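A.B. asks: Input: one structure, supplied below.
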Amino acid sequence: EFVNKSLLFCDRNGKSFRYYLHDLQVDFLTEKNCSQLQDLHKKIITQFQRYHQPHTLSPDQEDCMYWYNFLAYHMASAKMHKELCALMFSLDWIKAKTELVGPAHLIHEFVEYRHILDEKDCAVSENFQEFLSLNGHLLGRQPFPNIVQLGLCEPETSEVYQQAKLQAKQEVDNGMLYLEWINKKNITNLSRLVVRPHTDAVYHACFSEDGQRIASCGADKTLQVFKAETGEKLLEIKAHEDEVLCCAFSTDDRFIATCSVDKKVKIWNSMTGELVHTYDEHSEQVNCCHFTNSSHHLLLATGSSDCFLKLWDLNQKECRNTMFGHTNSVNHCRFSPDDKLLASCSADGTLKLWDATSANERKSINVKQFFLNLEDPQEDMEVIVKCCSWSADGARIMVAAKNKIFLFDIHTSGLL
Amino acid sequence: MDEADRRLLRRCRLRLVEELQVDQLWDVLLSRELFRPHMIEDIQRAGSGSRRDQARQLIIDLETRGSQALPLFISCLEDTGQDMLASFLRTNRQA
Amino acid sequence: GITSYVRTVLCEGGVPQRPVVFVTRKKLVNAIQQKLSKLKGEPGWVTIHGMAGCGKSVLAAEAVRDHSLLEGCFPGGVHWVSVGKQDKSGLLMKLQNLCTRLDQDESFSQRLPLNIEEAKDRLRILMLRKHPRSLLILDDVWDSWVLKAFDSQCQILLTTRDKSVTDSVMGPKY
Amino acid sequence: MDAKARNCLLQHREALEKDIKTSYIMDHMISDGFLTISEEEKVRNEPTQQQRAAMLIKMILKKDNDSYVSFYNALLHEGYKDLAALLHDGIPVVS
Amino acid sequence: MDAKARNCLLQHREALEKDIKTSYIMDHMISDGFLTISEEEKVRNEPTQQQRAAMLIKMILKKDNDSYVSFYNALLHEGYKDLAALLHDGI
Ligand SMILES: Nc1ncnc2c1ncn2[C@H]1C[C@H](O)[C@@H](COP(=O)(O)OP(=O)(O)OP(=O)(O)O)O1
Ligand SMILES: [Mg+2]
């Protein structure tokens, strides 16, 4: 009857029905029902208590997935913090939630969680987040290793530590042959976070220009895009033809170029995730892809094993300028802060500051600066620069090769 | 095809299916673009494939082939030496 | 491209002119119009609905705005009625007003019906003879008896918020 | 499809329903990518030639400019000269 | 009659009244069965041909579509080519 009143949209997905609202419809509700809303939420939780307990929740039941995520949500509005402790804290609840949800939603909930409860607990939340840092890397796989055993590794004490020792003691009398560890305070400089996006070897990753999110590819050649903070899946990409070689965000993070062995330069949208741009020109596999650092000009410089640069015009299907120059396969590629310029690197090691505006050569520093008078029959050493590092202004090019980093000044075409 | 022509084809059903020679008629029908070649293969296979079954399907399908299908069909009759049948038809159209 | 003539028919109909600041919704207009085309003859009702302020009226005005569908299809003029929301008494007046509007000649009795059904008769008869191919458009509509009243057996299309409204009515509904 | 095209179909619907032998049209339209198999099965399920034609037109009235053209072309290509002529002035600009 | 028909008449009813002679046109419409004898006498009884034309047109306006075509054919058949041209728009 509501749907007919056009106050709640229908969803005929299979037998199941999901009803939902417009953003405007929802906003009106809070506008006109806000005082009640804080009151009611308590109403929903108690009813759920009259039915399934959170431990009494099951995988088969249709509602449950809503239940963990919005179960967590409702209690917050309820403003009941002790009840919130009754739910979110429960490590087993974390176990089941991890089991089908994954270890990102809980982290996102925790940030919301911190304001809701107490500052002192916040530390407990800090201890738990620290307990999660070890979770991301191997936890998801499958053999959900008996956490109760892998848990007794944290330092200090925290709510987690205290919980773990008691659990272990309970396990121990029965059996389970848990082995105590006595050196933790003496060992491990913990990293703040770990991510496994792919079962298949990673090949490249890049920050969003905003820094809000990161995309990594892999040997499988699927690319996964994620927001690092809450550390929760924010993008799934079905496939890339061939094995991914490298990928990169657009300067406004509105696009994602994807290099590959196939030679399918698939510039998928960064939001919808649907493909937008696409390119090919290289005689060989692409070495690197990058969007123009300038907000204005839209270009796609691309090195490859054929040694030729390809300066794509992103506004056009065909390349703005093929650029032979490197005597060896390109090692890396980046746009200069001056979009008129386009630096490039390769195994010959010499920098090449191309003039993109003229579609012609402008400058190219030689790199024999790694002088080394060995007994080697070869003459002056043939430097092989890899990374094409930039100064924060990008006015000069930092590089590194063999045994030495260098900071060349391309504008003056000389070493510094 | 107007209703009067259609009605004529129904009224003459018995005579058409009894007397129509089809094997010799296909070329004529093609020449006057009354049927496409595949349409002809389909008509040829109608029912048991006998002359009568082909004839019947021909004259039924004829009703769909245009405003001038009937006079064009009489002409094809004439062109293939089926003057008697064409004559029976014409003297009705006029009648 | 509005024909000059289209505006002349439309003025008589009384549909509002589209707001100066508008933006066609070609796909939607096309769908209504093609569908609207569908009841080539014989009664029929079309319902259009959305959450409040979805362009529901403007589309109705826009769909008929075009010459092709209207001119070949609809020898009868188009009449628009703004139903709104009504108590039984209020509804009654709209009917008389539609009576006065439709009967420009005045050949029919100057006296107006005091009974809803009698107005229904004047509408049906007027639609049947006076305006043979006419299409009636309604605005809003919030309860069934209302369409019960307008249920003249002659095509009327109601545009609204509830889609429940056209359940009392009989005949093909899209 | 454009209102011009659709109204042209509506105007001539009866002529079209009387004459169209759908088996010679649906194939072209499927090849062209503007008629689906399930629509074709729905058509096939009608017991008589005119009922099938009626169903097919029902379906086409809801389709786009390209579809109308697909339909028109198939009509022309299959020798329905008179029927195509009826639909000629209603052809919409495409691509 | 149709909206465009009725309006085409109204749009040109003045040029019509200022030129057309009703008797021949009424002979046609009577034969076609789109005008009655009584209607014909009411028109004929008018003091001036402009009023007769005006009365005829007044009557045709409340008539069916076929009467619009009967009046149009009559005009053509009677030599009122330009006025029939103006009404071609109407149906
Ligand atoms: N091209 C356009 N199409 C649709 N709406 C437009 C357009 N340009 C401006 N608008 C705005 C201005 C109008 O206030 C509004 C159109 O009103 P409309 O869609 O008829 O609402 P409505 O009549 O369905 O509301 P209600 O359900 O209250 O009757 O949308
Ligand atoms: Mg409205």
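Labels used: A, B, ... for chains in the order of the structure tokens, numbers from 1 for residues in each chain, and numbers from 1 for ligands as shown.
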Can you tell me, as a PyMOL selection string, which residues in chain B count as alpha helix (DSSP H) by DSSP?

C.D. replies: chain B and resi 3-11+13-19+26-31+37-44+51-62+69-79+83-93

A.B. asks: Take the residues that were just selected and, keeping C-alpha atoms, output them as a PDB file, in the first residue's frame.

C.D. replies:
ATOM      1  CA  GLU B   3     -12.125  -7.607 -49.646  1.00  0.00           C
ATOM      2  CA  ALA B   4     -13.780  -8.262 -53.007  1.00  0.00           C
ATOM      3  CA  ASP B   5     -10.643  -9.891 -54.420  1.00  0.00           C
ATOM      4  CA  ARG B   6     -10.159 -11.960 -51.257  1.00  0.00           C
ATOM      5  CA  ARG B   7     -13.781 -13.054 -51.395  1.00  0.00           C
ATOM      6  CA  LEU B   8     -13.258 -14.045 -55.014  1.00  0.00           C
ATOM      7  CA  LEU B   9     -10.318 -16.249 -54.072  1.00  0.00           C
ATOM      8  CA  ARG B  10     -12.428 -17.995 -51.412  1.00  0.00           C
ATOM      9  CA  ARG B  11     -15.411 -18.470 -53.730  1.00  0.00           C
ATOM     10  CA  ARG B  13     -11.297 -22.209 -53.766  1.00  0.00           C
ATOM     11  CA  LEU B  14     -12.566 -25.543 -55.070  1.00  0.00           C
ATOM     12  CA  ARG B  15     -11.840 -24.795 -58.711  1.00  0.00           C
ATOM     13  CA  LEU B  16      -8.415 -23.321 -58.035  1.00  0.00           C
ATOM     14  CA  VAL B  17      -7.149 -26.245 -55.968  1.00  0.00           C
ATOM     15  CA  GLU B  18      -8.705 -28.734 -58.398  1.00  0.00           C
ATOM     16  CA  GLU B  19      -7.213 -27.211 -61.559  1.00  0.00           C
ATOM     17  CA  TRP B  26       6.661 -20.246 -60.316  1.00  0.00           C
ATOM     18  CA  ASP B  27       8.637 -18.450 -63.011  1.00  0.00           C
ATOM     19  CA  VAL B  28       5.652 -16.276 -63.833  1.00  0.00           C
ATOM     20  CA  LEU B  29       5.020 -15.402 -60.200  1.00  0.00           C
ATOM     21  CA  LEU B  30       8.668 -14.415 -59.801  1.00  0.00           C
ATOM     22  CA  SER B  31       8.676 -12.311 -62.985  1.00  0.00           C
ATOM     23  CA  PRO B  37      11.975 -17.407 -53.765  1.00  0.00           C
ATOM     24  CA  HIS B  38      11.951 -18.740 -50.184  1.00  0.00           C
ATOM     25  CA  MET B  39       8.209 -18.109 -50.006  1.00  0.00           C
ATOM     26  CA  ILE B  40       7.941 -20.370 -53.027  1.00  0.00           C
ATOM     27  CA  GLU B  41      10.010 -23.117 -51.372  1.00  0.00           C
ATOM     28  CA  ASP B  42       7.675 -22.928 -48.346  1.00  0.00           C
ATOM     29  CA  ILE B  43       4.555 -23.166 -50.519  1.00  0.00           C
ATOM     30  CA  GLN B  44       6.128 -26.122 -52.359  1.00  0.00           C
ATOM     31  CA  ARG B  51      -0.132 -30.253 -56.433  1.00  0.00           C
ATOM     32  CA  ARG B  52      -3.374 -29.614 -54.546  1.00  0.00           C
ATOM     33  CA  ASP B  53      -1.665 -28.747 -51.229  1.00  0.00           C
ATOM     34  CA  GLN B  54       0.773 -26.425 -52.973  1.00  0.00           C
ATOM     35  CA  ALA B  55      -2.058 -24.834 -54.909  1.00  0.00           C
ATOM     36  CA  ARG B  56      -4.058 -24.251 -51.735  1.00  0.00           C
ATOM     37  CA  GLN B  57      -1.235 -22.597 -49.866  1.00  0.00           C
ATOM     38  CA  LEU B  58      -0.429 -20.530 -52.908  1.00  0.00           C
ATOM     39  CA  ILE B  59      -3.873 -19.011 -53.121  1.00  0.00           C
ATOM     40  CA  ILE B  60      -4.125 -18.444 -49.379  1.00  0.00           C
ATOM     41  CA  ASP B  61      -0.721 -16.741 -49.274  1.00  0.00           C
ATOM     42  CA  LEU B  62      -1.708 -14.767 -52.416  1.00  0.00           C
ATOM     43  CA  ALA B  69      -2.019  -9.543 -56.303  1.00  0.00           C
ATOM     44  CA  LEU B  70      -5.171 -10.920 -57.944  1.00  0.00           C
ATOM     45  CA  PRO B  71      -4.918  -9.289 -61.388  1.00  0.00           C
ATOM     46  CA  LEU B  72      -1.177 -10.004 -61.436  1.00  0.00           C
ATOM     47  CA  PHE B  73      -1.974 -13.618 -60.582  1.00  0.00           C
ATOM     48  CA  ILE B  74      -4.504 -13.899 -63.415  1.00  0.00           C
ATOM     49  CA  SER B  75      -1.769 -12.645 -65.785  1.00  0.00           C
ATOM     50  CA  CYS B  76       0.658 -15.339 -64.618  1.00  0.00           C
ATOM     51  CA  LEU B  77      -2.090 -17.860 -65.287  1.00  0.00           C
ATOM     52  CA  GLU B  78      -2.384 -16.467 -68.794  1.00  0.00           C
ATOM     53  CA  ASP B  79       1.416 -16.553 -69.300  1.00  0.00           C
ATOM     54  CA  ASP B  83      -6.366 -19.540 -69.859  1.00  0.00           C
ATOM     55  CA  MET B  84      -9.388 -21.561 -68.773  1.00  0.00           C
ATOM     56  CA  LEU B  85      -8.616 -20.934 -65.095  1.00  0.00           C
ATOM     57  CA  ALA B  86      -7.694 -17.315 -65.711  1.00  0.00           C
ATOM     58  CA  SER B  87     -10.962 -16.999 -67.635  1.00  0.00           C
ATOM     59  CA  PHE B  88     -13.009 -18.422 -64.774  1.00  0.00           C
ATOM     60  CA  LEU B  89     -11.367 -15.876 -62.459  1.00  0.00           C
ATOM     61  CA  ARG B  90     -11.713 -12.797 -64.648  1.00  0.00           C
ATOM     62  CA  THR B  91     -15.367 -13.360 -65.426  1.00  0.00           C
ATOM     63  CA  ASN B  92     -15.929 -13.197 -61.710  1.00  0.00           C
ATOM     64  CA  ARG B  93     -13.909 -10.159 -60.921  1.00  0.00           C
TER      65      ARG B  93
END

A.B. asks: Please give me, as a PyMOL selection string, the residues lying within 8 Å of ligand 2 when counting only C-alpha atoms and all ligand atoms.

C.D. replies: chain C and resi 56-58+139-140+159-160

A.B. asks: Given a cut-off of 12 Å, which residues of chain A touch chain C, counting only C-alpha atoms, written out as a list in words?

C.D. replies: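 In the required form, that comes to residues 1, 2, 3, 4, 5, 6, 7, 8, 9, 21, 22, 23, 24, 25 and 28 of chain A.
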
A.B. asks: For the residues in the current selection, export C-alpha atoms as a short mmCIF file (atom, residue, chain, number, x, y, z; two decimals), in the first residue's frame.

C.D. replies:
data_model
loop_
_atom_site.label_atom_id
_atom_site.label_comp_id
_atom_site.auth_asym_id
_atom_site.auth_seq_id
_atom_site.Cartn_x
_atom_site.Cartn_y
_atom_site.Cartn_z
CA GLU A 1 0.00 0.00 0.00
CA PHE A 2 2.90 2.32 0.70
CA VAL A 3 4.59 1.55 -2.55
CA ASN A 4 1.40 2.61 -4.22
CA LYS A 5 1.42 5.75 -2.12
CA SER A 6 4.80 6.10 -3.82
CA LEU A 7 6.38 6.60 -0.41
CA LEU A 8 8.59 3.53 -0.55
CA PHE A 9 10.10 2.00 -3.67
CA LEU A 21 13.71 5.37 -0.21
CA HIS A 22 14.97 8.38 -2.08
CA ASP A 23 17.55 10.52 -0.33
CA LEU A 24 14.91 13.24 -0.28
CA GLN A 25 12.33 10.93 1.27
CA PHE A 28 12.16 14.55 5.07
#

A.B. asks: Looking at only C-alpha atoms and all ligand atoms, which of C:7, C:25, C:131, C:85 is the one that sits closest to ligand 1?

C.D. replies: C:25

A.B. asks: List as a PyMOL selection string the protein and nucleic acid residues near residue 69 in chain D, meaning an atom at most 10 Å away when only C-alpha atoms are counted, but skip any in the same chain fewer than 6 places from it.

C.D. replies: chain D and resi 5+29+34+75+87-88+90-94

A.B. asks: Please return, as a PyMOL selection string, all residues of range 54-171 of chain C that DSSP assigns to strand (DSSP E) on the basis of the backbone.

C.D. replies: chain C and resi 78-84+135-140+156-160

A.B. asks: Which residues are close to range 11-18 of chain E, i.e. within 8 Å by only C-alpha atoms, leaving aside same-chain residues fewer than 2 positions away? Reply as an mmCIF file with N, CA and C atoms, in the first residue's frame.

C.D. replies:
data_model
loop_
_atom_site.group_PDB
_atom_site.id
_atom_site.type_symbol
_atom_site.label_atom_id
_atom_site.label_comp_id
_atom_site.auth_asym_id
_atom_site.auth_seq_id
_atom_site.Cartn_x
_atom_site.Cartn_y
_atom_site.Cartn_z
ATOM 1 N N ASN E 7 -11.439 24.477 -36.312
ATOM 2 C CA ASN E 7 -10.590 25.662 -36.257
ATOM 3 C C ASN E 7 -10.173 26.208 -37.612
ATOM 4 N N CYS E 8 -9.999 25.320 -38.590
ATOM 5 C CA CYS E 8 -9.612 25.739 -39.929
ATOM 6 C C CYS E 8 -10.783 26.536 -40.492
ATOM 7 N N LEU E 9 -11.998 26.067 -40.209
ATOM 8 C CA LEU E 9 -13.209 26.748 -40.646
ATOM 9 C C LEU E 9 -13.233 28.150 -40.047
ATOM 10 N N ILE E 20 -18.169 33.204 -51.111
ATOM 11 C CA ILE E 20 -19.013 32.085 -51.511
ATOM 12 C C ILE E 20 -20.514 32.326 -51.689
ATOM 13 N N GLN E 49 -26.124 37.435 -48.828
ATOM 14 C CA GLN E 49 -25.306 36.252 -49.063
ATOM 15 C C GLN E 49 -24.211 36.057 -48.016
ATOM 16 N N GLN E 50 -23.762 37.148 -47.397
ATOM 17 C CA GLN E 50 -22.741 37.062 -46.355
ATOM 18 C C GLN E 50 -23.345 36.387 -45.136
ATOM 19 N N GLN E 51 -24.631 36.623 -44.898
ATOM 20 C CA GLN E 51 -25.319 36.021 -43.753
ATOM 21 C C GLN E 51 -25.707 34.587 -44.047
ATOM 22 N N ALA E 53 -23.951 32.597 -46.118
ATOM 23 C CA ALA E 53 -22.670 31.925 -45.986
ATOM 24 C C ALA E 53 -22.408 31.751 -44.485
ATOM 25 N N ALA E 54 -22.588 32.832 -43.735
ATOM 26 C CA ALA E 54 -22.376 32.809 -42.296
ATOM 27 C C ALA E 54 -23.238 31.768 -41.597
ATOM 28 N N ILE E 57 -21.969 28.094 -42.653
ATOM 29 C CA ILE E 57 -20.741 27.855 -41.904
ATOM 30 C C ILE E 57 -21.047 27.649 -40.420
ATOM 31 N N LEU E 83 -10.140 29.172 -51.746
ATOM 32 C CA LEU E 83 -10.758 28.986 -50.432
ATOM 33 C C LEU E 83 -10.728 27.523 -50.016
ATOM 34 N N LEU E 86 -7.220 26.966 -48.739
ATOM 35 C CA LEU E 86 -7.056 27.407 -47.360
ATOM 36 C C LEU E 86 -7.592 26.406 -46.367
ATOM 37 N N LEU E 87 -8.610 25.660 -46.772
ATOM 38 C CA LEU E 87 -9.224 24.660 -45.898
ATOM 39 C C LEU E 87 -8.547 23.302 -45.995
#

A.B. asks: As a list in words, could you give me every residue of chain E near chain C (at most 8 Å apart, counting only C-alpha atoms)?

C.D. replies: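 Using only C-alpha atoms, chain E residues at most 8 Å from chain C: residues 1, 2, 3 and 4 of chain E.
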
A.B. asks: Mind writing the picked residues with C-alpha atoms as a CSV table (one decimal), in the first residue's frame?

C.D. replies:
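And here is the file that came out, out-v7.csv:
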chain,number,residue,atom,x,y,z
E,1,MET,CA,-15.9,17.6,-36.0
E,2,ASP,CA,-12.1,17.5,-35.4
E,3,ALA,CA,-10.4,20.3,-33.6
E,4,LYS,CA,-8.2,21.2,-36.5

A.B. asks: At a cut-off of 7 Å, using only C-alpha atoms, what residues contact residue 387 in chain A? Leave out same-chain residues fewer than 4 positions from it and give the result as a CSV table (one decimal) with N, CA and C atoms, in the first residue's frame.

C.D. replies:
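Writing the result to out-v9.csv gives the following:
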chain,number,residue,atom,x,y,z
A,332,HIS,N,60.6,3.9,-16.5
A,332,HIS,CA,59.5,4.6,-15.8
A,332,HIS,C,59.1,5.8,-16.6
A,399,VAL,N,66.8,10.8,-9.1
A,399,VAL,CA,66.8,9.4,-9.7
A,399,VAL,C,67.7,8.5,-8.9
A,400,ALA,N,67.7,7.3,-9.2
A,400,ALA,CA,68.7,6.3,-8.5
A,400,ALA,C,69.0,5.2,-9.4

A.B. asks: Point out the residue among D:13, D:58, D:4, D:28 with the least atom-to-atom distance to residue 70 in chain D, counting only C-alpha atoms.

C.D. replies: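 With only C-alpha atoms as the atom set, the closest residue is D:28.
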
A.B. asks: Given a cut-off of 8 Å, which residues of chain B touch chain D, counting only C-alpha atoms, written out as a list in words?

C.D. replies: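 Using only C-alpha atoms, chain B residues at most 8 Å from chain D: residues 33, 34, 35, 36, 63, 64, 65, 66 and 67 of chain B.
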
A.B. asks: With N, CA, C and O atoms retained, export the selected residues as a tab-separated table (two decimals), in the first residue's frame.

C.D. replies:
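Output saved as selection-v1.tsv:
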chain	number	residue	atom	x	y	z
B	33	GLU	N	7.05	-10.43	-59.51
B	33	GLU	CA	7.40	-10.19	-58.11
B	33	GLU	C	6.25	-10.41	-57.14
B	33	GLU	O	6.01	-9.61	-56.26
B	34	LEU	N	5.53	-11.50	-57.34
B	34	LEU	CA	4.40	-11.80	-56.49
B	34	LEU	C	4.89	-12.50	-55.21
B	34	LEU	O	4.35	-12.30	-54.15
B	35	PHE	N	5.93	-13.30	-55.35
B	35	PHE	CA	6.50	-14.03	-54.23
B	35	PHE	C	8.02	-13.99	-54.26
B	35	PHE	O	8.61	-13.99	-55.31
B	36	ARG	N	8.64	-13.99	-53.09
B	36	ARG	CA	10.08	-14.19	-52.99
B	36	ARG	C	10.40	-15.68	-53.12
B	36	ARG	O	9.55	-16.50	-52.84
B	63	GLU	N	-3.40	-13.78	-50.98
B	63	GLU	CA	-4.18	-12.72	-50.34
B	63	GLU	C	-3.33	-11.67	-49.63
B	63	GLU	O	-3.83	-10.57	-49.34
B	64	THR	N	-2.08	-12.00	-49.32
B	64	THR	CA	-1.21	-11.12	-48.55
B	64	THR	C	-0.20	-10.37	-49.40
B	64	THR	O	0.60	-9.58	-48.89
B	65	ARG	N	-0.21	-10.61	-50.71
B	65	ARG	CA	0.89	-10.13	-51.54
B	65	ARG	C	0.63	-8.78	-52.24
B	65	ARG	O	1.37	-8.41	-53.16
B	66	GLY	N	-0.40	-8.07	-51.83
B	66	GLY	CA	-0.60	-6.74	-52.38
B	66	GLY	C	-1.97	-6.41	-52.94
B	66	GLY	O	-2.84	-7.28	-53.08
B	67	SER	N	-2.14	-5.13	-53.28
B	67	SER	CA	-3.42	-4.62	-53.77
B	67	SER	C	-3.72	-5.17	-55.15
B	67	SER	O	-4.87	-5.36	-55.52
